Amino acid sequence: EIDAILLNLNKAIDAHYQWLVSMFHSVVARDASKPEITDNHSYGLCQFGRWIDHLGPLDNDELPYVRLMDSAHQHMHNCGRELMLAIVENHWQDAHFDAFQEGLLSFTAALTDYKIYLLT
Amino acid sequence: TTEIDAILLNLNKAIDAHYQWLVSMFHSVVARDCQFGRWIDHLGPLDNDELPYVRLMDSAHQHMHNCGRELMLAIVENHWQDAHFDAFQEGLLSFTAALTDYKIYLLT
Ligand SMILES: [Zn+2]
Ligand SMILES: [Zn+2]
């Protein structure tokens, strides 16, 4: 079980690199991007968000770790959506990029903290 | 164990640092304006067991940066193609794969 969970965390790192390349690609090509980027609830559509929504009965020890990564994942997707809307509508600012980078680093931090807990 | 934990910390820092690098590239294009590579050189003389792992991540890191540079030059000069983005994504995934394989070796 522990090795199963850890595999899914490492897949989330690769999948979110590809998500970011996809956003950069769609601005340069002037595309309509994809639901995983633009949907108001895009965090439900990627592989990681689906794993999260179906976990099931969690015990009291692991709960706080899972709640933190769920919340940080959602916030990262929300900042991504807002960045893309601002770029497309010609109202972007440096602050949109800073907020997105911070959201991104909070997500990787939340994943790492759960990793450490499981390994002990 | 202390040495092993030191190495593993440096590998997780590389993941965050290369996310920030990808954000900066995206930002500079829209505005129309590294630590890991220094660490690879500073590993000192290596034994024969670890050598192949280190050589693979060094090579994959270099090719990722080269694809990034070529993507940016093509965008700026207006002859970019979908293939430039695909080559960069593939370089990026080869790098993270090489890091993971070294991680697994150290843990055993
Ligand atoms: Zn996601
Ligand atoms: Zn680098």
# chains A, B, ... in the order shown; residues from 1 in each chain; ligands from 1

call {"tool": "interface_residues", "arguments": {"of": "chain A", "to": "chain B", "cutoff": "9 Å", "atoms": "only C-alpha atoms", "output": "ChimeraX atom specification"}}
result
/A:10,13-14,17-18,20-25,27-29,87,94,97,100-101,104-105,108,112

call {"tool": "closest_atom_pairs", "arguments": {"of": "chain A", "to": "ligand 1", "cutoff": "12 Å", "atoms": "only C-alpha atoms and all ligand atoms", "output": "tab-separated table"}}
result
residue	atom	partner	partner_atom_place_in_ligand_line	distance
A:9	CA	ligand 1	1 (Zn)	11.5
A:11	CA	ligand 1	1 (Zn)	10.9
A:12	CA	ligand 1	1 (Zn)	7.6
A:13	CA	ligand 1	1 (Zn)	9.6
A:14	CA	ligand 1	1 (Zn)	10.8
A:15	CA	ligand 1	1 (Zn)	7.8
A:16	CA	ligand 1	1 (Zn)	6.5
A:17	CA	ligand 1	1 (Zn)	10.2
A:18	CA	ligand 1	1 (Zn)	10.5
A:19	CA	ligand 1	1 (Zn)	8.0
A:20	CA	ligand 1	1 (Zn)	10.4
A:35	CA	ligand 1	1 (Zn)	11.3
A:36	CA	ligand 1	1 (Zn)	7.6
A:37	CA	ligand 1	1 (Zn)	9.0
A:38	CA	ligand 1	1 (Zn)	11.9
A:39	CA	ligand 1	1 (Zn)	11.7
A:41	CA	ligand 1	1 (Zn)	10.3
A:42	CA	ligand 1	1 (Zn)	7.4
A:43	CA	ligand 1	1 (Zn)	5.1
A:44	CA	ligand 1	1 (Zn)	7.5
A:45	CA	ligand 1	1 (Zn)	7.3
A:46	CA	ligand 1	1 (Zn)	4.9
A:47	CA	ligand 1	1 (Zn)	6.8
A:48	CA	ligand 1	1 (Zn)	5.6
A:49	CA	ligand 1	1 (Zn)	5.7
A:50	CA	ligand 1	1 (Zn)	8.9
A:51	CA	ligand 1	1 (Zn)	10.3
A:52	CA	ligand 1	1 (Zn)	10.1
A:53	CA	ligand 1	1 (Zn)	11.9
A:69	CA	ligand 1	1 (Zn)	10.9
A:70	CA	ligand 1	1 (Zn)	9.8
A:71	CA	ligand 1	1 (Zn)	11.4
A:72	CA	ligand 1	1 (Zn)	10.1
A:73	CA	ligand 1	1 (Zn)	6.3
A:74	CA	ligand 1	1 (Zn)	7.6
A:75	CA	ligand 1	1 (Zn)	10.0
A:76	CA	ligand 1	1 (Zn)	8.0
A:77	CA	ligand 1	1 (Zn)	6.5
A:78	CA	ligand 1	1 (Zn)	10.2
A:79	CA	ligand 1	1 (Zn)	11.8
A:80	CA	ligand 1	1 (Zn)	10.3
A:81	CA	ligand 1	1 (Zn)	11.7
A:103	CA	ligand 1	1 (Zn)	11.9
A:104	CA	ligand 1	1 (Zn)	10.4
A:107	CA	ligand 1	1 (Zn)	9.8
A:108	CA	ligand 1	1 (Zn)	11.6

call {"tool": "write_last_selection", "arguments": {"atoms": "C-alpha atoms", "output": "PDB file, in the first residue's frame"}}
result
ATOM      1  CA  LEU A   9       2.849  11.048  -5.913  1.00  0.00           C
ATOM      2  CA  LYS A  11       3.395  10.564 -11.295  1.00  0.00           C
ATOM      3  CA  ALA A  12       1.800  13.876 -10.160  1.00  0.00           C
ATOM      4  CA  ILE A  13       5.171  15.654 -10.564  1.00  0.00           C
ATOM      5  CA  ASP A  14       5.538  14.571 -14.242  1.00  0.00           C
ATOM      6  CA  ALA A  15       1.843  15.200 -15.025  1.00  0.00           C
ATOM      7  CA  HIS A  16       1.984  18.776 -13.716  1.00  0.00           C
ATOM      8  CA  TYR A  17       5.164  19.557 -15.718  1.00  0.00           C
ATOM      9  CA  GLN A  18       3.213  18.510 -18.839  1.00  0.00           C
ATOM     10  CA  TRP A  19       0.212  20.601 -17.709  1.00  0.00           C
ATOM     11  CA  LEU A  20       2.506  23.677 -17.514  1.00  0.00           C
ATOM     12  CA  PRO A  35     -10.619  21.709 -19.797  1.00  0.00           C
ATOM     13  CA  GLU A  36      -7.771  20.582 -17.472  1.00  0.00           C
ATOM     14  CA  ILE A  37      -6.494  24.195 -17.805  1.00  0.00           C
ATOM     15  CA  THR A  38      -9.707  26.291 -18.340  1.00  0.00           C
ATOM     16  CA  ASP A  39     -12.619  24.556 -16.422  1.00  0.00           C
ATOM     17  CA  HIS A  41     -13.289  23.046 -11.435  1.00  0.00           C
ATOM     18  CA  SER A  42     -10.239  21.847 -13.446  1.00  0.00           C
ATOM     19  CA  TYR A  43      -8.707  20.247 -10.330  1.00  0.00           C
ATOM     20  CA  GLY A  44     -11.298  17.444 -10.594  1.00  0.00           C
ATOM     21  CA  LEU A  45     -10.231  16.467 -14.152  1.00  0.00           C
ATOM     22  CA  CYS A  46      -6.551  15.591 -13.911  1.00  0.00           C
ATOM     23  CA  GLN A  47      -5.315  12.192 -12.756  1.00  0.00           C
ATOM     24  CA  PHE A  48      -4.217  13.430  -9.289  1.00  0.00           C
ATOM     25  CA  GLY A  49      -7.557  15.134  -8.465  1.00  0.00           C
ATOM     26  CA  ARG A  50      -9.473  11.946  -9.304  1.00  0.00           C
ATOM     27  CA  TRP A  51      -7.237   9.780  -7.106  1.00  0.00           C
ATOM     28  CA  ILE A  52      -7.828  12.347  -4.276  1.00  0.00           C
ATOM     29  CA  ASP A  53     -11.663  12.459  -4.615  1.00  0.00           C
ATOM     30  CA  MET A  69      -2.425  18.453  -0.418  1.00  0.00           C
ATOM     31  CA  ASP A  70      -6.105  18.604  -1.577  1.00  0.00           C
ATOM     32  CA  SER A  71      -6.327  22.308  -0.668  1.00  0.00           C
ATOM     33  CA  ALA A  72      -2.913  23.199  -2.213  1.00  0.00           C
ATOM     34  CA  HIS A  73      -3.742  21.267  -5.457  1.00  0.00           C
ATOM     35  CA  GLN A  74      -7.042  23.187  -5.821  1.00  0.00           C
ATOM     36  CA  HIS A  75      -5.373  26.577  -5.234  1.00  0.00           C
ATOM     37  CA  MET A  76      -2.637  25.806  -7.844  1.00  0.00           C
ATOM     38  CA  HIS A  77      -5.308  25.040 -10.524  1.00  0.00           C
ATOM     39  CA  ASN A  78      -7.268  28.195  -9.619  1.00  0.00           C
ATOM     40  CA  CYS A  79      -4.185  30.435  -9.988  1.00  0.00           C
ATOM     41  CA  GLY A  80      -3.412  28.724 -13.353  1.00  0.00           C
ATOM     42  CA  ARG A  81      -6.946  29.387 -14.676  1.00  0.00           C
ATOM     43  CA  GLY A 103       0.828  28.004  -5.577  1.00  0.00           C
ATOM     44  CA  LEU A 104       2.976  25.547  -7.493  1.00  0.00           C
ATOM     45  CA  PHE A 107       1.678  21.915  -3.797  1.00  0.00           C
ATOM     46  CA  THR A 108       5.114  20.249  -4.124  1.00  0.00           C
TER      47      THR A 108
END

call {"tool": "residues_near_ligand", "arguments": {"ligand": "ligand 2", "cutoff": "10 Å", "atoms": "only C-alpha atoms and all ligand atoms", "output": "list in words"}}
result
residues 14, 15, 17, 18, 21, 34, 35, 36, 37, 38, 58, 60, 61, 62, 63, 64, 65 and 95 of chain B

call {"tool": "residues_around", "arguments": {"residues": "region 113-118 of chain A", "least_positions_apart": "6", "cutoff": "8 Å", "atoms": "only C-alpha atoms", "output": "list in words"}}
result
residues 2, 6, 65 and 66 of chain A

call {"tool": "write_last_selection", "arguments": {"atoms": "N, CA and C atoms", "output": "PDB file, in the first residue's frame"}}
result
ATOM      1  N   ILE A   2       1.889   1.288   0.848  1.00  0.00           N
ATOM      2  CA  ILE A   2       2.781   2.446   0.977  1.00  0.00           C
ATOM      3  C   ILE A   2       3.506   2.725  -0.344  1.00  0.00           C
ATOM      4  N   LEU A   6       3.193   6.110  -2.953  1.00  0.00           N
ATOM      5  CA  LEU A   6       4.399   6.843  -3.366  1.00  0.00           C
ATOM      6  C   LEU A   6       4.552   6.921  -4.883  1.00  0.00           C
ATOM      7  N   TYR A  65      -2.552  15.578   6.567  1.00  0.00           N
ATOM      8  CA  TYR A  65      -1.705  15.512   5.352  1.00  0.00           C
ATOM      9  C   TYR A  65      -2.509  15.508   4.061  1.00  0.00           C
ATOM     10  N   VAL A  66      -3.546  14.676   4.011  1.00  0.00           N
ATOM     11  CA  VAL A  66      -4.399  14.599   2.814  1.00  0.00           C
ATOM     12  C   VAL A  66      -5.175  15.903   2.574  1.00  0.00           C
TER      13      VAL A  66
END

call {"tool": "closest_residue", "arguments": {"among": "B:33, B:84, B:78, B:103", "to": "residue 57 (chain B)", "atoms": "only C-alpha atoms"}}
result
B:103

call {"tool": "residues_around", "arguments": {"residues": "region 44-55 of chain B", "least_positions_apart": "5", "cutoff": "8 Å", "atoms": "only C-alpha atoms", "output": "PDB file with N, CA, C and O atoms, in the first residue's frame"}}
result
ATOM      1  N   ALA B  98      15.731  10.061 -15.121  1.00  0.00           N
ATOM      2  CA  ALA B  98      17.121   9.824 -14.671  1.00  0.00           C
ATOM      3  C   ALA B  98      17.311  10.100 -13.167  1.00  0.00           C
ATOM      4  O   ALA B  98      18.026   9.355 -12.482  1.00  0.00           O
ATOM      5  N   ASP B 101      15.648   7.176 -11.128  1.00  0.00           N
ATOM      6  CA  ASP B 101      16.447   5.938 -11.179  1.00  0.00           C
ATOM      7  C   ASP B 101      17.647   5.956 -10.201  1.00  0.00           C
ATOM      8  O   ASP B 101      17.997   4.940  -9.611  1.00  0.00           O
ATOM      9  N   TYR B 102      18.280   7.114 -10.054  1.00  0.00           N
ATOM     10  CA  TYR B 102      19.359   7.287  -9.084  1.00  0.00           C
ATOM     11  C   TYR B 102      18.824   7.219  -7.645  1.00  0.00           C
ATOM     12  O   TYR B 102      19.448   6.627  -6.774  1.00  0.00           O
TER      13      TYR B 102
END

call {"tool": "closest_residue", "arguments": {"among": "B:87, B:106, B:94, B:69", "to": "residue 8 (chain B)", "atoms": "only C-alpha atoms"}}
result
B:106

call {"tool": "select_by_dssp", "arguments": {"residues": "chain A", "states": "alpha helix (DSSP H)", "output": "ChimeraX atom specification"}}
result
/A:2-29,35-38,47-53,63-88,94-119

call {"tool": "atom_distance", "arguments": {"atom1": "CA of residue 40 (chain B)", "atom2": "CA of residue 10 (chain B)"}}
result
10.1 Å

call {"tool": "atom_distance", "arguments": {"atom1": "CA of residue 4 (chain A)", "atom2": "CA of residue 111 (chain A)"}}
result
14.4 Å

call {"tool": "atom_distance", "arguments": {"atom1": "CA of residue 110 (chain A)", "atom2": "CA of residue 68 (chain A)"}}
result
6.3 Å

call {"tool": "closest_residue", "arguments": {"among": "B:28, B:43, B:91, B:59", "to": "residue 76 (chain B)", "atoms": "only C-alpha atoms"}}
result
B:28
